[PDB]
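Student: The structure's right below; bear with me while I get my questions together.
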Amino acid sequence: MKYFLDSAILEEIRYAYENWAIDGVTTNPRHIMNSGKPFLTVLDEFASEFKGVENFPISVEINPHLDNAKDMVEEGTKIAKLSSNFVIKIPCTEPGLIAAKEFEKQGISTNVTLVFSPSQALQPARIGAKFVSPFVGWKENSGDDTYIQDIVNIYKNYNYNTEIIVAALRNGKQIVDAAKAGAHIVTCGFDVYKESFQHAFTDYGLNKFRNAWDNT
Amino acid sequence: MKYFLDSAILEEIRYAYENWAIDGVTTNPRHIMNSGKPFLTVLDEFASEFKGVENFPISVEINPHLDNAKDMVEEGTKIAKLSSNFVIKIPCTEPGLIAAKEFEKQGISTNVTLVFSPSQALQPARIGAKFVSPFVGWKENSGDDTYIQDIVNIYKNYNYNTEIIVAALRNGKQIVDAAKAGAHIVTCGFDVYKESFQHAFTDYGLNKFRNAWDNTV
Amino acid sequence: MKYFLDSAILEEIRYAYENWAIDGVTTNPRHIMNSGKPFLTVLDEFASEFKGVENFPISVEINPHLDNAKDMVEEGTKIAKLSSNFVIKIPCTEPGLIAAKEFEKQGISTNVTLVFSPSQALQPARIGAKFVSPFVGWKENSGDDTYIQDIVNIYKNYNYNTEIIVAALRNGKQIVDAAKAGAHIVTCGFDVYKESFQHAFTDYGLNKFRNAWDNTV
Amino acid sequence: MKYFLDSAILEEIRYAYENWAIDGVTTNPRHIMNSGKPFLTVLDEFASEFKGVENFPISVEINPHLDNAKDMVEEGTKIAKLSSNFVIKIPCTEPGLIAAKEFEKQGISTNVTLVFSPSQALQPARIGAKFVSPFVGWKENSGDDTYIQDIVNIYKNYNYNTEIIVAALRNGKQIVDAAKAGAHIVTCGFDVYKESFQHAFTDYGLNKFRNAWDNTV
Amino acid sequence: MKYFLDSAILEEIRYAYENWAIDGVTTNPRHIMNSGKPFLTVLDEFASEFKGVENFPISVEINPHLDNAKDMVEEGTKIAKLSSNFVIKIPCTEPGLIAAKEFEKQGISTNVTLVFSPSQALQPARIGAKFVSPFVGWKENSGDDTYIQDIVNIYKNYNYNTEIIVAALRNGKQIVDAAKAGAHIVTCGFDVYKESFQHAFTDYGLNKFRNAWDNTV
Amino acid sequence: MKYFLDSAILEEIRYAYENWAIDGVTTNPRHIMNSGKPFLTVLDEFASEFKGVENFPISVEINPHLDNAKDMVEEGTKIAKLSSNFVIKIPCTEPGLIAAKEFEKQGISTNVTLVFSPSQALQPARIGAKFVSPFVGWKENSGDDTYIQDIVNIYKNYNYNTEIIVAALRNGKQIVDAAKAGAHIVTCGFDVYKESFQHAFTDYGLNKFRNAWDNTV
Amino acid sequence: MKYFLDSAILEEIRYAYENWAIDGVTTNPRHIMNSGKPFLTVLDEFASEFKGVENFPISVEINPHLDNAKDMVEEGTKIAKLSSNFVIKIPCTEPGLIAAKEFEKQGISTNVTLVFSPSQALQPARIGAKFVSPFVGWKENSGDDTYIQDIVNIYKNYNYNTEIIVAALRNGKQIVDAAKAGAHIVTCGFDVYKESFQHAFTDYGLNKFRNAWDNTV
Amino acid sequence: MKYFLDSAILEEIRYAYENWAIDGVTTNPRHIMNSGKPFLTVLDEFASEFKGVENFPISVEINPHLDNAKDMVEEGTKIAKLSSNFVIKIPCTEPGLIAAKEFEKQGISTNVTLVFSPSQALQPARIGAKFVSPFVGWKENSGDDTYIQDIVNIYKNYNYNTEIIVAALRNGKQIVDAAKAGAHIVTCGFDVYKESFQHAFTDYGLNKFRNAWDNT
Ligand SMILES: *[C@H](CO)[C@H](O)[C@H](O)[C@@H](O)CS(=O)(=O)O
Ligand SMILES: *[C@H](CO)[C@H](O)[C@H](O)[C@@H](O)CS(=O)(=O)O
Ligand SMILES: *[C@H](CO)[C@H](O)[C@H](O)[C@@H](O)CS(=O)(=O)O
Ligand SMILES: *[C@H](CO)[C@H](O)[C@H](O)[C@@H](O)CS(=O)(=O)O
Ligand SMILES: *[C@H](CO)[C@H](O)[C@H](O)[C@@H](O)CS(=O)(=O)O
Ligand SMILES: *[C@H](CO)[C@H](O)[C@H](O)[C@@H](O)CS(=O)(=O)O
Ligand SMILES: *[C@H](CO)[C@H](O)[C@H](O)[C@@H](O)CS(=O)(=O)O
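Each protein sequence line maps, in turn, to chains W, U, Y, V, C, P, S and E. For what it's worth, the numbering used here labels the leading residue of the first sequence as 1, then goes sequentially. For what it's worth, the numbering used here labels the leading residue of the second sequence as 1001, then goes sequentially. For what it's worth, the numbering used here labels the leading residue of the third sequence as 2001, then goes sequentially. For what it's worth, the numbering used here labels the leading residue of the fourth sequence as 3001, then goes sequentially. For what it's worth, the numbering used here labels the leading residue of the fifth sequence as 4001, then goes sequentially. For what it's worth, the numbering used here labels the leading residue of the sixth sequence as 5001, then goes sequentially. For what it's worth, the numbering used here labels the leading residue of the seventh sequence as 6001, then goes sequentially. For what it's worth, the numbering used here labels the leading residue of the eighth sequence as 7001, then goes sequentially.
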């Protein structure tokens, strides 16, 4: 099970890598906006921070305004030529799935993102996408139950190599649901991961044990 | 199905009451801290705005440092005397369940809060608490699945009048889980309720119908 | 179980009303564009074809562009001064649910449409909407399974009077899915209803029974 | 639970009525062909045999070649006047469901037959058919499986008075499937009913009990 | 739940009636053979033992060689005159179901026995049999799983008054399956009932409680 | 839902009765060996403590060495004459069930205890025992899963008035299992009830709410 | 299936080894406040008793007041240098999981204890902890159902080598629940293991077999 | 699937071995009492009857009045030294499980009997007992449902070579419940096996075939 930090801040990407053993980092245009730094700056820092680090995927979304599968394959190329750890993140559109097939044919790893159905997720796997990111949190905010088990089961039944990155996770019970399903990776913010490692009954027992130690 | 606004901001309680038909405002020491106003001030403004309004439960938690059921029955009696809409919120502890049984015997409505198991929910029901608030969000943040259906089923099987207020709700899917269980009330923040009323397919269809209207005479 | 004809063509509305006993009619801006007639005319013709009839709800949607609950209240009030049978169809949005609550308070029947979750469907129920239309076909076209049973169960558990109109139905196993759930009404196009009444095994048996009748005096 | 004899032979109808307490008789153009007597003759005999008998429905299918409603309502209005026990059996076709609605409006009991889906069985109920005959054996000869629980559940959920007659039954285990579903009536041939009343373990026990009786005084 | 003693021994019938509150007694040609007394004597000691006792049914099987519904309604009528507590037990044969319908029409209570399927049992209920005895033990001895829940559910769904007597019971686990199904009566031998009232964890606790009582003033 | 205190200590019975609203008290021959006081001294303190209190059943087990239903019926009559609030507790054995039937016929309330099977629980209710105590903890200690739902269902199904007292409970999750089943009463020690009312997540929230209160003016 | 003795009393550790074949020993700061001997003494005894007994893990918890992962790694390195059988037990806290990752990198076996959620048992195995101890008893005492199957199923899927030690077990039914889930090890007190090996039906059969042996030559 | 004859009568053991292919024989102090012969006599006959027969286990229970693991590993050793087909049957008690662990260490096959829970069955497995006999008919005679499925499934999640000889079986329906679970052996008396091979619909068909054979 891989834990990808869904953040674009280096302080938290350095902490999680040295203390939590994160296996990768996913970013979206909103995480880079919240960074406060320009996009190219965030990329330069991420490229140097993990220059040598191998097997550390860094998903980076291309211009969200791109509408042609050809202006995507030419922008996500400039980007993929900035760091070998960079994985071009492309939305679940028709120009995106056409651009993700061309990218994968040229050997550029792609993460087909914004997938909200098991039918929007099968095509990315039939064009050899390295990663497919099915979103959970967004659908739930609108009162929809979150198809993740279906994608895991389909991927397995047809021996697909595409790795599923359950995204928009907001709590550790959703990490346990992704993991109960068999999802390959789970991407979550720094705080979702910290709270997932904590429990009130650990603090209760700690107080009971801290007492028995002080009475010995 | 009651929708209670979990907030201590009046401008939001004003809107939600005039547009969403909120059935009551729950609050906790953290919501009053985030209000930026002193506790007694928040109470006065809520005791005035909803002065005549009948059947608008306003749950207000007493001092969380109170450790004796006697110090509780005395602090919550004072708060309850400030408006008839106010429902004293007491934590599910020994000194809270003893204090909730007294208040309920004196006719002061009580909301036994911080309940995280169906065993902690049954005692509040056996002492005639008006409300019992089982929390969901907190347990989930620690990787625990959220016992709500058990409480609803137990309450129903034993004909208890205590109304269940599923609390710590963070999304509309958790509001749909509480409704599918049969919970009486669901307390959520203003933004959880707004997003629960919205869907992407409702913007998709409204673009398809907005274009059809433009190609019509 | 009510069968509403999802059509704006009076020629198919007239056939279904006499031969299939349809219980009502629903029209979206796209059906009134496919009619080929202007809207205010498709209206005049329904306002006259059913002037005598009552309990035959005719759902009709307002400018899919209106963004304010006030401008939505003014437009749907006028469209309702056209015929007692006219039920104003409003999208499940922020200003649509605010406009549907004001409409229902003035006694104008409303059909909160474009609902794609049980959470967007509970608020329409809370404000006393006459009808709530949960869409099925659109979600399926995008690979999503179609929450209809949840809405039926929630509506029933909380004794809501709002009648559920399963919409975007494309076949008769989807009409059988809505009936198995307990949905009140199902809205479908004329051809979905005709094919739902037919089966190949009925034509097989008919041929076997035709052969027997012939080999008999 | 009603047991209708699916036969046009009056030696089997007379036996089953006096010994098995059959509650009715269903016939199809193939049962009348196998009778060896002309259709009108079989009808005259059935009309006299049960002249006074009340509550004994005798389902009789009209010409299977009839393709128009107007021509169906005319051949069964004339088959109905030959006995008050006769129930016009009409195929689940467009012209058949239109003819079954006109018939039911004139007070002529109708049995909409050849129904092989729950979507085809709902319309007969939405037009007040006295009986709807969902078919089992035919669909299973072709490998398919038997919806005969969906129809029962739908009929019940919507309080329909139409009585379901599970037809094409070939064994008592299918009589037990229809009874477990809640079907109102089951129509079966004389031999299906006889074998359904018999078991090998009844003959085994009978031999064990016949042995003891002989080793007693 | 009623408990009928499946025995023809009056020392066991007398004990079970005074200590276990048995509600009736069922006998078969094999129980009378094992009695060691003549059938007539066993039938004249049961008549006197319960002369006045009301609501104490005593099921008595007629000659198992009877093959005609007539010679069996003549021999059975005879036994039914020798006491008002006697219920004629008739096998689930064709001549038996015809004879059980005639008897039930003359007001003689009948117990249609040797029923090994829910179809062999729906007919006894459609003719108004007072009791239907579905056998369990015999089918199990041959490796067949024991349809009892189906009969209970069918009887209930169609509001039948026939009372189900689960027979051939051999252990208390089978008495709890009949009860978990909703069977009206369970017939068992004296030893099956005694052991069903005992456990080894009741003897364990008794020893723990006897040790405590001793170590106490 | 009744909470009986499984204790013979009057400091815990008096606290539970005044703060937790216990509805009754159950005692076993070993909880008395533990009280330190002699048996009839324990009883006489219970009789005075609850002389006025009506409807507070106090289950008291008779001599566990009693082997005859006559000796048991002679000794439980004496104990029952020492208070109306006393309910004679009898083991589920042959002579205990015979003694419990005689006791119930004389109007002395009985609690048939040491029941470990759903089959041992049936004769108890088939003789009108006031209470039946199915034990859970003992069976679990030996690796056996704990039949309680079966007893609740069998009791409901055959509409029996005997009240089920789930006994040997050791944790609040077993109290939530009994409540989810529909058991009438649950008997537990003082500490099982205290811990059942407490949760670590209530102490967590209390600390979060105590920090917020301190930053509020 | 490994059975670790949750004890710090060497009379019980020595017995369980020589007679029950325990596969290891787990201890906590409260088991050592109960062993009387000071901590370092208990450790010296455990180190000598198992000086050359390979594959006998002895889990020993470090100072529970340690709040820094650096202070925990210094204290647990010292304890681990006292024996090769010793396994440093660290709480599932932020600094505990950081200290357990450093320990496992230096080759010191660690047992991440106090895990109550399956999201907490995931960082532990995503850092190569030798053991993860999910607690059951504590959660149950507060009325919470005990996620153990989820952890087992998550470890198998992702193929984590970390061995799960279900802790706080209190009966043999909870040992049978852990075994049915597929847990690697179960840690229990000496008395939980003794009672788990005993059953009242083994004493019943033993008495039946002892009576037979006596009535035999 | 092994069918052991739960009998101490050699006329029934001889018949079942030659006609039903029984794979073994289990006996208890009550079966030897009902034999009418002295215990040592029954043993001598069983030892000679199957002197050469290999892979024919004969479970023989020792004094039920023994409470010391030392007098039980001393009374078994003597019996086990009478025939190599003999398997010492020991009750699931503290001293029985201690005595079964000593026997199994000395290479004497043991059948830990009187097991009525899956917890009481796991210890016999953890000490290498050849056989474990979970009883069914005694628990059901008192109204308890019969765990035999979780003894089979735990003995499989943990690869235990102990073989489950499910005992106290009284009808063919339990010989089929045990088979549907995955029990290795099932012990039943001569007649629970005879009746299990017979059905009324085999006599019904035989009369149809028999009649259709006088019409041909
Ligand atoms: C990339 C998917 O692989 C992104 O990081 C994703 O947008 C979301 O995970 C997060 S959020 O909604 O923006 O929080
Ligand atoms: C009262 C319960 O009835 C409170 O408003 C409650 O604390 C929580 O609902 C919310 S949060 O965790 O503080 O968001
Ligand atoms: C109104 C809902 O009550 C409409 O008629 C609805 O849009 C859809 O039912 C149909 S479609 O997708 O336009 O076919
Ligand atoms: C009428 C239905 O109510 C008929 O009798 C029906 O065709 C079938 O039941 C029988 S068969 O296939 O012709 O045997
Ligand atoms: C009557 C049925 O009501 C009989 O008593 C029945 O045969 C069987 O219950 C018993 S047995 O197989 O003969 O034991
Ligand atoms: C009476 C049953 O109603 C007793 O109080 C019972 O023995 C047990 O509940 C408790 S324990 O095992 O002795 O703890
Ligand atoms: C270590 C976990 O591996 C301990 O021994 C644990 O605390 C608990 O198992 C037991 S108790 O609650 O202290 O009884």
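Where is the CB? At the ideal position from N, CA and C, for every residue including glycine.
1. Quick check on the DSSP output: what are the complete alpha helix (DSSP H) runs of length 4 or more inside the stretch 5137 to 5177 of chain P, in order along the chain?
2. For the alpha helix (DSSP H) that contains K3101/V, what are its first and last residues?
3. By the 9 Å beta-carbon criterion, what residues does the stretch 1097 to 1110 of chain U contribute toward chain P?
4. From what residue to what residue does the alpha helix (DSSP H) around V3053/V run?
5. Please indicate yes or no: does the CB of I4165/C lie closer than 6 Å to some heavy atom of ligand 5?
6. Closest to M5001/P by C-alpha separation, out of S1133/U, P1124/U, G1189/U, would be which residue?
7. Under 7 Å between C-beta atoms, does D144/W make it to chain Y?
8. Can you give me, in chain order, the residues of the stretch 5163 to 5176 of chain P that have a beta carbon less than 9 Å from any beta carbon in chain S?
9. Short check: CB of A3121/V to CB of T3110/V, under 7 Å?
10. How many Å lie between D2144/Y and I148/W at the Cα?
11. Just to confirm, is the Cβ distance from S4133/C to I4165/C under 7 Å?
12. For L4114/C and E4061/C, I'd like the C-alpha separation in whole angstroms.
13. Which whole-angstrom value describes the C-beta separation of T7187/E and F7004/E, a residue pair presumed to lie in contact below a C-beta threshold of 8 Å?
14. With distance defined between alpha-carbon atoms, name the residue in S1083/U, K1078/U, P1091/U, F1046/U nearest to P1064/U.
15. Is the CB of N4019/C under 7 Å away from at least one CB in chain V?
16. Check whether chain S comes within 7 Å of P1118/U, counting only Cβ atoms and requiring the distance to be less than that.
17. Pull up the DSSP beta-bridge partners for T7113/E, would you.
18. What residue from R3030/V, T3041/V, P3038/V, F3046/V has the CA that sits closest to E3012/V's CA?
19. Does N5211/P come within less than 7 Å of chain S when only Cβ atoms are used?
20. Spatial neighbours of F4056/C within its chain, please: CB distance less than 7 Å, with the 5 preceding and 5 following residues excluded, ordered by chain position.
21. When DSSP builds the beta bridges, which residues end up paired with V1186/U?
22. What separation, rounded to the nearest whole angstrom, lies between the Cα atoms of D6203/S and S6196/S?
23. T1026/U by DSSP, collapsed to three states: which one?
24. Under three-state DSSP, which class holds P1118/U?
25. Which one or two residues does DSSP pair with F135/W in a beta bridge?
26. Under 7 Å between C-beta atoms, does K3051/V make it to chain C?
27. Just mark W7213/E as buried or exposed, buried being the case when its beta carbon has 16 or more other beta carbons within 10 Å.
Tutor: According to the data block:
1. 5137 to 5141, 5148 to 5157
2. Numbered from 1 along the fourth sequence, position 101 holds the residue referred to as residue 3101/V. First-last of the alpha helix (DSSP H) with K3101/V: 3094 to 3105.
3. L1097, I1098, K1101
4. Working through the fourth sequence from its first residue, we reach residue 3053/V at position 53. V3053/V -> no alpha helix (DSSP H), and no H or E assigned at all.
5. Position 165 of the fifth sequence holds residue 4165/C. Answer for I4165/C: yes, Cβ within range of ligand 5.
6. Within the sixth sequence, residue 5001/P is the residue found at index 1, counting from 1. Taking only the C-alpha atoms, the option nearest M5001/P is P1124/U.
7. Looking up residue 144/W in the first sequence gives position 144. At least one chain Y Cβ lies under 7 Å of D144/W.
8. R5170, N5171, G5172, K5173, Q5174, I5175, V5176
9. Position 121 of the fourth sequence, counted from the first residue, corresponds to residue 3121/V. Position 110 of the fourth sequence, counted from the first residue, corresponds to residue 3110/V. Against a cut-off of 7 Å, the Cβ pair of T3110/V and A3121/V comes out as no contact.
10. Start at 1 with the first residue of the third sequence, and residue 2144/Y comes out as number 144. Start at 1 with the first residue of the first sequence, and residue 148/W comes out as number 148. Looking at the two C-alpha atoms, the distance is approximately 12 Å.
11. Residue numbering aside, residue 4133/C sits at position 133 when the fifth sequence is read from its first letter. Residue numbering aside, residue 4165/C sits at position 165 when the fifth sequence is read from its first letter. For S4133/C and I4165/C, yes; Cβs fall inside 7 Å.
12. Position 114 of the fifth sequence holds residue 4114/C. Position 61 of the fifth sequence holds residue 4061/C. Using only the alpha carbons, I get a separation of about 11 Å.
13. Residue numbering aside, residue 7187/E sits at position 187 when the eighth sequence is read from its first letter. Residue numbering aside, residue 7004/E sits at position 4 when the eighth sequence is read from its first letter. That belief holds up - the Cβ atoms of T7187/E and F7004/E are roughly 4 Å apart, short of 8 Å.
14. For the purposes of this step, residue 1064/U is taken as residue 64 along the second sequence, with counting starting at 1. Taking only the C-alpha atoms, the option nearest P1064/U is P1091/U.
15. Within the fifth sequence, numbered from 1, the residue matching residue 4019/C stands at position 19. No, its Cβ sits nowhere closer than 7 Å to a Cβ of chain V.
16. Position 118 of the second sequence, counted from the start, is the residue given in the question as residue 1118/U. By this cut-off, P1118/U is an interface position.
17. Counting from one through the eighth sequence, the residue named residue 7113/E turns up at place 113. DSSP, once it has assigned bridges, lists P7091/E as partnering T7113/E.
18. As a working note, residue 3012/V is residue 12 in the fourth sequence. Answer by Cα proximity: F3046/V.
19. Numbered from its first residue, the sixth sequence carries residue 5211/P at position 211. Chain S contact via Cβ: absent.
20. Stepping through the fifth sequence from its first residue, residue 4056/C is reached at position 56. Answer for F4056/C: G4024, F4050, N4085, listed in chain order.
21. If you number the second sequence from 1, residue 1186/U lands on position 186. Beta-bridge pairing links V1186/U to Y1003/U, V1166/U.
22. The residue given as residue 6203/S occupies position 203 in the seventh sequence. The residue given as residue 6196/S occupies position 196 in the seventh sequence. Rounded to whole angstroms, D6203/S to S6196/S spans 14 Å at the Cα level.
23. Reading the second sequence from its first residue, position 26 is the one you call residue 1026/U. Three-state DSSP puts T1026/U in a strand.
24. Position 118 of the second sequence, counting from 1, holds the residue named residue 1118/U. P1118/U falls in the helix class under three-state DSSP.
25. Your numbering for residue 135/W matches position 135 in the first sequence. The partner list for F135/W (beta bridge, DSSP) reads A167/W.
26. Here the question's residue 3051/V lines up with position 51 in the fourth sequence. No - not a single Cβ of chain C is within 7 Å of the one on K3051/V.
27. The count along the eighth sequence starts at 1 and reaches residue 7213/E at position 213. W7213/E should be labelled exposed.
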